[PDB]
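Step one of this worksheet: look at the structure below.
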Number of protein chains: 4
Amino acid sequence: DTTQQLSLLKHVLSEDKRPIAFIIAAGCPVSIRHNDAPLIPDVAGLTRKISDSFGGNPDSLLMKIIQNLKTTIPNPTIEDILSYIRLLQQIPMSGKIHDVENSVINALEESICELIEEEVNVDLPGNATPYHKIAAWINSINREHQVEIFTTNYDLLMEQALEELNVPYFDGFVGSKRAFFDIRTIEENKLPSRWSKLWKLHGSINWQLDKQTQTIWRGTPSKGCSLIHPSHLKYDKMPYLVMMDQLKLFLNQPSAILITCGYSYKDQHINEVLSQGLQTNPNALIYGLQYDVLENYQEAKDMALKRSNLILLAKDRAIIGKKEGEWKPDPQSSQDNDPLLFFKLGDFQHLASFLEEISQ
Amino acid sequence: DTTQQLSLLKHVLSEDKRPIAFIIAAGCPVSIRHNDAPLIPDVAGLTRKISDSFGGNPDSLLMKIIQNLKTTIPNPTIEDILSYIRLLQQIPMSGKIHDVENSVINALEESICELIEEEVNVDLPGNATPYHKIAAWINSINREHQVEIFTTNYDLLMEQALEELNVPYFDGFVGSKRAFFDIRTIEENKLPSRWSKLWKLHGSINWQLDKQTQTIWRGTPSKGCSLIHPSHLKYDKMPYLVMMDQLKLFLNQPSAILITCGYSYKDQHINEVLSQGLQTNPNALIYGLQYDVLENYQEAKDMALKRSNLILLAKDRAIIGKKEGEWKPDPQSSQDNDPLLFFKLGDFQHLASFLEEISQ
Amino acid sequence: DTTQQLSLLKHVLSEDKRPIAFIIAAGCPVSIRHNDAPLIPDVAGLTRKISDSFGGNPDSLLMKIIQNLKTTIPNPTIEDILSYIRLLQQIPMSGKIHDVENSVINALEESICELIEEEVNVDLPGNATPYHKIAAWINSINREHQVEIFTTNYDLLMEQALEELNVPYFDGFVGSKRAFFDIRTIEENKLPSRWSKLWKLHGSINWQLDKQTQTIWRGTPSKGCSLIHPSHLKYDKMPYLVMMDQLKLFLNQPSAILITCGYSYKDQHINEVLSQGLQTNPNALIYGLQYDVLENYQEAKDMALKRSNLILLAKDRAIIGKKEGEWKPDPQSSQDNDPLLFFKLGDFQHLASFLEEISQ
Amino acid sequence: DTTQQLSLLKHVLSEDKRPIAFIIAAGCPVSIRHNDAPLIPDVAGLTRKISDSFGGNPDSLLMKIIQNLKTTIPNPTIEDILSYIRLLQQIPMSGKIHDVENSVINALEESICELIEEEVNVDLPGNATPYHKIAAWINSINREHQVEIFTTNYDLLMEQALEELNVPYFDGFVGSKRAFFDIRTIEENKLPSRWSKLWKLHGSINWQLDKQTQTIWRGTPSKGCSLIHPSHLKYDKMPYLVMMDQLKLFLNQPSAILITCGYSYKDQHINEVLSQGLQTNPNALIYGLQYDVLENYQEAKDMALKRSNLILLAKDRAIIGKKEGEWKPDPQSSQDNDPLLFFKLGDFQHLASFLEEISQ
């Protein structure tokens with residue numbers, strides 16, 4: 001598998017007549033090792049650290065909500081929990097469901113948001129991080145089509161790497177003191193070609209909301225961010241639809257390319273927007289790379305089997321245009337014992353190293 | 001007032017080098033007289049007829065919700081009620097708020113939907129209805145730019161008038177048996193120029209949902225329609241965002257025109273989308289016409305005072321480019337007693353008559 | 001005077017085939033009245049408030065430096081004081097001149113910088129400030145040539161007004177977390193035409209310096225800003241030369257316009273750069289407006305008499321192309337007593353009102 | 001090493017579709033042998049000859065400044081000394097630091113300037129000097145792109161060689177009696193293509209300043225030159241910024257070439273301007289040649305490792321696009337004893353001989 005797909009990927013990436021896009025999920029931040037431990041424990045960590053923070057006491061409302069959701073959702077996540085409390089606080093839930101916390105739901109969600117901001121407030125150590133390598137690859141060669149990045153994370157690590165290496169980009173906001181979400185440049189879509197475009201689909205930690213005029217602005221991480229939403233907020237104090245429109249518009253461009261690293265296709269909206277974009281333009285390609293085994297990605301299998309221009313690649317098998325194949329007999333593992341054929345190049349560290357090698 | 005604004009409106013409408021759009025709200029269906037009574041009692045009717053249907057018994061859940069919402073919302077509407085029950089049923093609301101109806105909320109909302117479908121299932125009597133006059137105006141002269149219609153109503157009266165007079169149009173769906181919501185023609189945006197475009201922002205009664213594949217389709221009015229939503233449904237089994245995108249794209253076209261008849265600017269999403277479109281393109285114009293007095297439209301006043309290309313016209317006063325004016329001294333009323341200066345031409349019947357006169 | 005010059009100014013400003021620039025000095029912030037007092041006491045205030053802060057004790061080093069400079073400079077300013085301490089700290093000044101403060105010079109300059117940041121850290125009250133009117137004028141009409149602003153102040157009031165009214169602009173820096181001074185866009189000079197350009201010649205309060213890598217970045221006002229320099233810093237951790245190059249390049253454009261409000265032509269570098277630009281392009285025009293009397297502006301008189309395309313206008317007299325004229329006999333003052341002919345329209349409030357009237 | 005790099009250099013220099021530039025430092029004047037001694041003892045000579053001129057008496061102010069600077073700067077230079085006295089005389093330094101010389105600092109700096117002018121006032125002996133060979137190469141073949149020379153020296157030897165062989169060039173000044181620094185031709189940048197351009201970044205000995213009008217002019221070497229500054233003078237009576245702008249503008253041209261001979265990269269401003277130019281245009285190339293060993297050039301190593309289009313070549317090793325290589329096994333030295341592999345062609349004499357061979 002390695003030779004042919006790697007060579008084709010090198011040819012398609014090295015060209016400058018095609019757009020290039022990335023999708024960055026929690027896999028990229030967790031791929032950075034710190035003190036022999038993951039830098040950030042991902043979406044699952046933002047769940048069980050929260051669970052352990054409130055202790056084993058069942059009198060706490062959070063644990064009761066957890067055990068209620070296991071009755072319906074076998075594997076609830078922190079995004080679902082945040083959505084559930086946001087739904088509860090949208091109406092005067094004074095019933096027996098929220099009888100214990102007549103008004104402590106707001107305190108609980110504020111505490112959750114504070115803990116999330118505390119945990120996702122880190123910085124890139126040194127200059128050997130994979131984000132620096134990706135930024136170096138982006139700035140290495142001038143390409144006639146812009147490089148776009150879509151991130152579902154809340155961290156500023158990608159921006160830190162882009163700014164350290166002096167890579168210009170436009171994330172949507174314009175201004176210096178309290179940058180306003182400038183809209184008309186977004187659909188004007190004639191910015192200088194050397195600029196990059198970083199879209200934060202799920203918001204970020206530096207976005208804040210002023211309720212006096214009900215307007216959003218990008219600032220600095222302060223005590224309480226009102227745009228930590230995992231795609232759950234009001235209608236268009238909401239830039240989420242604009243970023244989704246930008247992704248859809250990009251996917252409709254001819255000869256489009258896109259790579260997903262660290263994504264597990266567990267979000268319905270992303271999957272359906274990708275399906276609409278792929279069906280709209282048959283020339284669009286997605287070189288999905290999974291760090292986990294293919295057996296654990298059912299939605300990825302459904303997406304690959306329902307579309308023809310989605311070259312899904314996993315650690316063990318692959319789906320190249322609705323047809324499934326496995327690894328051919330090759331000396332992938334030198335050791336005779338346990339001759340597992342694994343695609344070790346799907347890791348974010350290995351992906352960044354590959355991009356650096358292509359840059360050189 | 002009458003002469004100058006009417007003459008300017010005649011010039012701008014008679015030209016075929018500018019796009020023309022309409023927004024049709026409950027004012028147009030209520031403007032049709034039937035048995036010396038309104039044909040449909042509008043959004044307020046879909047509220048108090050519902051209230052009277054459940055009787056004066058306070059044990060009913062609907063009345064309890066009504067009196068709960070008056071504690072928060074001084075003037076709750078049927079749209080807000082539908083949204084509130086939809087929010088309640090989105091979570092297992094087994095608390096004291098919904099203790100009376102552990103599972104009767106579904107029955108109550110089904111009954112409400114059935115009554116709504118029963119009341120909004122009528123037909124245009126004769127060929128003298130204003131919709132027929134508007135369709136005749138649309139088909140009278142060939143225009144190089146298409147005529148677009150955005151409707152927040154659920155009725156099929158506009159389609160009935162368009163089909164009776166043989167006016168071709170595209171409402172989004174494609175097919176004959178169970179028309180699927182075709183997307184790619186929508187952003188392809190190169191349909192024949194002689195076709196019209198009717199967008200139903202708030203759905204319609206002939207739209208149905210199949211949960212087996214979770215897909216929407218336009219059919220015939222049957223027992224239970226799942227797309228009666230006043231802009232409250234799932235994410236993109238949802239064409240609402242596509243119609244909103246179409247409205248926004250139209251508003252960005254140069255030298256755009258738009259007329260609101262029967263609209264009270266009481267929906268936040270419509271107002272904010274209109275504001276974004278108007279600020280995006282300064283050439284866009286809105287000739288808002290209000291059947292009610294200007295004093296009862298606070299949102300209209302705010303919209304007119306916050307933008308320069310919104311020529312708001314009311315029964316008594318007007319706001320033409322952020323400046324407010326009143327009716328000049330004219331013999332509007334022949335009778336000496338109560339010399340009220342009222343713009344009687346803002347009614348839907350008078351608007352249709354004016355359009356017919358311009359057509360002739 | 002009023003009619004002809006005002007009408008010519010209206011014609012030249014209303015056109016969109018010529019570039020427009022502003023120069024904003026302390027006159028604009030002092031023109032805002034607050035509590036029947038100036039909002040900020042200008043460069044003179046940043047001098048005598050400093051003098052009063054250290055008291056009347058002659059043992060203080062600051063007072064000794066003040067009385068030393070009066071021996072050489074009859075009217076020393078805060079800029080000169082800052083330059084003098086910066087020169088002293090550039091070398092190990094252990095002599096009798098700095099014997100009193102062997103190392104307290106750093107503490108004194110840090111205290112001065114802290115007080116300056118404290119005093120210049122304000123916000124625009126309400127929406128009636130002249131900056132809001134100027135921003136409304138800028139965003140009112142689309143012009144094929146960009147509007148440029150050069151500010152010698154440290155305040156963020158202009159940015160506050162621009163962001164409140166949603167006016168896009170580019171101040172040089174690119175990024176979100178710690179915006180780096182992006183250079184290549186600056187001489188690339190092909191940004192979208194709808195964007196404005198705000199150049200801070202004398203730095204600002206949100207600019208900070210990292211000595212670990214010795215790089216500047218635009219952030220938030222923190223404890224200690226290292227780029228408060230009134231044009232006195234290191235060679236090209238210095239964007240001053242880049243902004244000067246941008247001003248010089250703009251002045252060389254054909255049919256250029258520029259207006260100075262609140263400037264007294266007391267800075268040699270600004271005057272000489274303006275002279276070089278004006279001589280380079282004879283088509284460049286400067287409509288200098290002085291709030292003070294012409295007798296108090298010797299450098300302005302020299303500049304006007306040494307160049308032909310500098311239409312200097314003062315409160316009493318004017319110099320239009322090397323020729324000096326006075327106010328013709330007109331009923332400028334209604335009162336018979338003290339018939340002073342004063343151009344009251346040179347004030348920043350009146351200038352903003354005039355710009356708003358031209359916009360309407 | 002020799003064959004491949006020499007052949008590539010021959011190809012790139014022989015083409016006339018690319019700009020060519022030189023940077024000339026003290027290595028070129030010292031490379032000329034006179035009486036079995038260096039013609040000029042370089043920057044180090046302009047330091048220790050000055051030190052020996054004032055004798056071993058510690059009562060002299062110059063020696064005291066020398067020993068003061070060794071406390072801070074391990075290797076102070078004559079440029080730093082001149083800057084330090086210029087800083088001292090910029091303020092009334094009447095303290096204990098300058099107590100010994102209340103006003104003798106001016107006399108000391110005048111004596112230093114007189115000695116510098118005396119030592120750098122020589123002429124090219126004969127017609128066999130390398131400058132004559134370089135001028136012959138420049139005039140040998142007509143090139144569509146001009147040849148530019150940037151010199152950090154004060155001598156007129158390059159001009160002497162250019163004038164002896166009748167090579168036209170433009171050094172910035174225009175006129176015959178007292179040539180004024182003409183600016184508008186400099187950015188006009190449409191001089192005849194056959195003319196060369198010689199830029200003196202660090203001034204020269206024939207530049208003089210008239211304080212009556214405070215203007216600079218190129219004349220003849222007289223008693224006291226006021227523009228001997230090693231890049232340390234007033235703001236824009238200063239052409240230094242204009243020459244820097246010219247260098248930066250040249251470096252931004254596509255397919256630019258540049259060769260540094262005799263430069264040790266010990267000036268921060270040159271290095272940072274070169275870095276900005278190289279990053280601005282990735283097509284720009286620098287074929288740095290060092291007469292000294294690579295181990296003695298730390299700034300050169302940092303510059304080479306921080307950029308990809310800087311082909312640094314030294315006597316022993318090389319850095320070609322961020323990658324370091326050494327000399328391959330070749331019979332560089334015929335003698336078996338001490339088989340040192342040294343690039344003897346990096347000398348200025350050998351460089352001129354190589355250029356002459358390429359010309360033939």
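Identifiers in this document derive from the order of the structure tokens: chains are assigned A, B, ..., residues are numbered from 1 separately in each chain, and ligands are numbered from 1 in order of occurrence.
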May I have the residues within 10 Å of range 271-288 of chain D as a PyMOL selection string, using only C-alpha atoms and disregarding those fewer than 5 positions away in the same chain? (chain A and resi 140-142) or (chain C and resi 183-185+187-188+235-236) or (chain D and resi 5+9+19+21-23+244-245+247-266+299-300+303-304+306-314+318-320+346)
Pull C-alpha atoms from the residues just selected and write them as a PDB file, in the first residue's frame.
ATOM      1  CA  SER A 140       7.886  26.883   2.013  1.00  0.00           C
ATOM      2  CA  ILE A 141       6.490  27.096  -1.531  1.00  0.00           C
ATOM      3  CA  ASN A 142       4.255  29.724  -3.112  1.00  0.00           C
TER       4      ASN A 142
ATOM      5  CA  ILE C 183       5.867  43.177   6.058  1.00  0.00           C
ATOM      6  CA  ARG C 184       5.312  41.576   2.670  1.00  0.00           C
ATOM      7  CA  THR C 185       1.652  42.551   2.411  1.00  0.00           C
ATOM      8  CA  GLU C 187       4.819  46.511  -0.091  1.00  0.00           C
ATOM      9  CA  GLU C 188       2.680  43.948  -1.935  1.00  0.00           C
ATOM     10  CA  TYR C 235      16.694  50.373  13.788  1.00  0.00           C
ATOM     11  CA  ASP C 236      14.470  48.433  11.366  1.00  0.00           C
TER      12      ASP C 236
ATOM     13  CA  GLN D   5      29.924  25.530  -7.771  1.00  0.00           C
ATOM     14  CA  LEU D   9      28.440  30.468 -10.847  1.00  0.00           C
ATOM     15  CA  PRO D  19      20.354  41.407 -12.117  1.00  0.00           C
ATOM     16  CA  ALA D  21      25.026  43.022  -7.508  1.00  0.00           C
ATOM     17  CA  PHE D  22      28.208  43.213  -5.468  1.00  0.00           C
ATOM     18  CA  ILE D  23      28.898  44.085  -1.844  1.00  0.00           C
ATOM     19  CA  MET D 244      18.945  51.188   2.156  1.00  0.00           C
ATOM     20  CA  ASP D 245      15.625  51.575   0.335  1.00  0.00           C
ATOM     21  CA  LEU D 247      19.076  47.879  -1.717  1.00  0.00           C
ATOM     22  CA  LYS D 248      15.742  46.573  -0.409  1.00  0.00           C
ATOM     23  CA  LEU D 249      13.990  47.414  -3.685  1.00  0.00           C
ATOM     24  CA  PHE D 250      16.701  45.659  -5.695  1.00  0.00           C
ATOM     25  CA  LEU D 251      16.508  42.540  -3.523  1.00  0.00           C
ATOM     26  CA  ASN D 252      12.766  42.308  -4.263  1.00  0.00           C
ATOM     27  CA  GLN D 253      13.356  42.047  -8.019  1.00  0.00           C
ATOM     28  CA  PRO D 254      12.757  38.561  -9.471  1.00  0.00           C
ATOM     29  CA  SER D 255      15.728  36.266 -10.101  1.00  0.00           C
ATOM     30  CA  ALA D 256      18.094  38.587  -8.233  1.00  0.00           C
ATOM     31  CA  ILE D 257      21.750  37.716  -7.625  1.00  0.00           C
ATOM     32  CA  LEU D 258      24.217  39.133  -5.114  1.00  0.00           C
ATOM     33  CA  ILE D 259      27.807  38.360  -4.094  1.00  0.00           C
ATOM     34  CA  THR D 260      29.492  39.441  -0.856  1.00  0.00           C
ATOM     35  CA  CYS D 261      33.292  39.686  -1.003  1.00  0.00           C
ATOM     36  CA  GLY D 262      35.247  40.787   2.054  1.00  0.00           C
ATOM     37  CA  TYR D 263      32.129  41.030   4.238  1.00  0.00           C
ATOM     38  CA  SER D 264      32.046  39.281   7.619  1.00  0.00           C
ATOM     39  CA  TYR D 265      28.315  39.826   8.370  1.00  0.00           C
ATOM     40  CA  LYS D 266      29.267  41.727  11.529  1.00  0.00           C
ATOM     41  CA  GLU D 299      26.390  35.368  12.117  1.00  0.00           C
ATOM     42  CA  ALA D 300      26.996  33.910   8.656  1.00  0.00           C
ATOM     43  CA  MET D 303      21.921  33.573   8.418  1.00  0.00           C
ATOM     44  CA  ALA D 304      22.590  30.502   6.270  1.00  0.00           C
ATOM     45  CA  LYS D 306      17.724  30.495   8.907  1.00  0.00           C
ATOM     46  CA  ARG D 307      17.170  30.875   5.140  1.00  0.00           C
ATOM     47  CA  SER D 308      16.966  28.551   2.145  1.00  0.00           C
ATOM     48  CA  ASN D 309      18.121  30.767  -0.763  1.00  0.00           C
ATOM     49  CA  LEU D 310      21.511  31.735   0.729  1.00  0.00           C
ATOM     50  CA  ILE D 311      24.332  29.680  -0.817  1.00  0.00           C
ATOM     51  CA  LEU D 312      27.068  30.492   1.688  1.00  0.00           C
ATOM     52  CA  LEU D 313      30.559  29.433   0.591  1.00  0.00           C
ATOM     53  CA  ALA D 314      33.601  29.505   2.875  1.00  0.00           C
ATOM     54  CA  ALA D 318      29.675  25.500   2.680  1.00  0.00           C
ATOM     55  CA  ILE D 319      25.976  25.874   3.487  1.00  0.00           C
ATOM     56  CA  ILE D 320      23.803  25.403   0.400  1.00  0.00           C
ATOM     57  CA  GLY D 346      37.724  33.216  -2.285  1.00  0.00           C
TER      58      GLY D 346
END
What are the residues of chain A lining chain D at 12 Å or less? Count only C-alpha atoms, and put the answer as a PyMOL selection string. chain A and resi 136+139-142+165-167+194+359-360
Apply DSSP to the backbone of this structure and, from range 62-171 of chain B, keep only the residues in strand (DSSP E); write these as a VMD selection string. chain B and resid 147 to 151 169 to 170
Keeping N, CA, C and O atoms for every residue in the selection just given, could you write it to a file as a PDB file, in the first residue's frame?
ATOM      1  N   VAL B 147     -38.523  37.146 -11.398  1.00  0.00           N
ATOM      2  CA  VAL B 147     -39.319  37.614 -10.271  1.00  0.00           C
ATOM      3  C   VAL B 147     -39.304  36.531  -9.203  1.00  0.00           C
ATOM      4  O   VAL B 147     -39.660  35.379  -9.475  1.00  0.00           O
ATOM      5  N   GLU B 148     -38.893  36.893  -7.993  1.00  0.00           N
ATOM      6  CA  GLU B 148     -38.767  35.941  -6.900  1.00  0.00           C
ATOM      7  C   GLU B 148     -39.796  36.242  -5.820  1.00  0.00           C
ATOM      8  O   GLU B 148     -40.133  37.402  -5.575  1.00  0.00           O
ATOM      9  N   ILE B 149     -40.306  35.191  -5.187  1.00  0.00           N
ATOM     10  CA  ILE B 149     -41.305  35.318  -4.135  1.00  0.00           C
ATOM     11  C   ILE B 149     -40.841  34.521  -2.928  1.00  0.00           C
ATOM     12  O   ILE B 149     -40.490  33.343  -3.054  1.00  0.00           O
ATOM     13  N   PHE B 150     -40.836  35.160  -1.761  1.00  0.00           N
ATOM     14  CA  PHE B 150     -40.537  34.510  -0.494  1.00  0.00           C
ATOM     15  C   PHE B 150     -41.796  34.563   0.355  1.00  0.00           C
ATOM     16  O   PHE B 150     -42.340  35.646   0.590  1.00  0.00           O
ATOM     17  N   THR B 151     -42.257  33.405   0.811  1.00  0.00           N
ATOM     18  CA  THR B 151     -43.497  33.310   1.565  1.00  0.00           C
ATOM     19  C   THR B 151     -43.225  32.670   2.916  1.00  0.00           C
ATOM     20  O   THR B 151     -42.560  31.632   2.994  1.00  0.00           O
ATOM     21  N   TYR B 169     -42.456  28.025 -12.621  1.00  0.00           N
ATOM     22  CA  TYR B 169     -41.650  28.417 -11.475  1.00  0.00           C
ATOM     23  C   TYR B 169     -40.940  27.196 -10.911  1.00  0.00           C
ATOM     24  O   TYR B 169     -41.285  26.053 -11.219  1.00  0.00           O
ATOM     25  N   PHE B 170     -39.933  27.457 -10.080  1.00  0.00           N
ATOM     26  CA  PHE B 170     -39.120  26.416  -9.459  1.00  0.00           C
ATOM     27  C   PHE B 170     -39.081  26.675  -7.960  1.00  0.00           C
ATOM     28  O   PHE B 170     -38.503  27.672  -7.517  1.00  0.00           O
TER      29      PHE B 170
END
10 Å contact set for residue 109 in chain B, only C-alpha atoms, chain neighbours under 2 positions out, as JSON, numbers by chain: {"B": [62, 81, 82, 85, 86, 89, 104, 105, 106, 107, 111, 112, 113, 114, 115]}
Could you check how far CA of residue 34 in chain A sits from CA of residue 177 in chain C, in Å to one decimal?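 CA of residue 177 in chain C lies 22.3 Å from CA of residue 34 in chain A.
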Separating CA of residue 211 in chain D from CA of residue 301 in chain C, to the nearest tenth of an Å, is a gap of 21.6 Å
Residue neighbourhood residue 83 in chain B, 12 Å, only C-alpha atoms, exclusion window fewer than 2 positions, as a PyMOL selection string: (chain A and resi 90-91) or (chain B and resi 65+76-81+85-90+109+228-233)
Quote the spacing between CA of residue 218 in chain A and CA of residue 201 in chain C in Å to one decimal place.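 Computed distance, CA of residue 218 in chain A to CA of residue 201 in chain C, equals 24.9 Å.
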Who sits within 9 Å of residue 200 in chain C, only C-alpha atoms, same chain under 2 positions skipped, as a ChimeraX atom specification: /C:149-154,171,198,202-204,240,243
Just the residues within 8 Å of residue 353 in chain B, please, counting only C-alpha atoms, with nothing from its chain fewer than 3 positions along; format it as a list in words.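 The filter keeps residues 130, 133, 349, 350, 356 and 357 of chain B.
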When distances are computed from only C-alpha atoms, which of B:125, B:173, B:54, B:222 shows the smallest separation from residue 35 in chain B?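 Among B:125, B:173, B:54, B:222, it is B:125 that comes nearest to residue 35 in chain B.
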Could you pull out the helix (DSSP H, G or I) residues of range 229-337 of chain C, going by DSSP on the backbone, and write them as number ranges by chain? C: 240-251, 268-280, 294-296, 298-305
